[PDB]
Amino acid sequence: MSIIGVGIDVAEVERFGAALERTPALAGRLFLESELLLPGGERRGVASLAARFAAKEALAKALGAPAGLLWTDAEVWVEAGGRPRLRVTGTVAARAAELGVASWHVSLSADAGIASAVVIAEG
């Protein structure tokens, strides 16, 4: 395998929260129901959602951000240990196949009012 793409994204947390508040429908456009919940069932907070938004932007960048990708066709899920993972379906999986992507790597971080993500596509 080789690296197919890398993506990075930085998202200002306060601004992201404001966008979610302004348009009730936005959260459901960006996130699957599972992503909006913490492991124990409570509602995921704004900084953690901003990090997932950054991850999806970074994933899109790693794929060359073509038209027609759906936010809901990329899913951030969480291993028991807390580690974030990417699962791709539909439009995102189709684009990944065009480029020969077999494996996805992600990491997330938030501090100082920002959320960040890096994504590497490999295949």
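Note that residue numbering begins at 1 and tracks the sequence as displayed.
**Student:** Looking at the deposited entry, does 22-30 or 54-62 carry the larger mean Cα B-factor?
**Tutor:** Mean C-alpha B-factor is greater for 22-30.
**Student:** As stated in the PDB record, which stretch has the larger average Cα B-factor, 86-94 or 42-50?
**Tutor:** 42-50 has the higher mean C-alpha B-factor.
**Student:** Going by the CA temperature factor in the PDB record, which third of the chain does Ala110 belong to: lowest, middle or highest?
**Tutor:** Answer is highest: the recorded C-alpha B-factor places it there.
**Student:** Sorting by Cα B-factor within the chain, modelled residues only, which third would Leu70 end up in: lowest, middle or highest?
**Tutor:** Middle third of the chain for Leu70's C-alpha B-factor.
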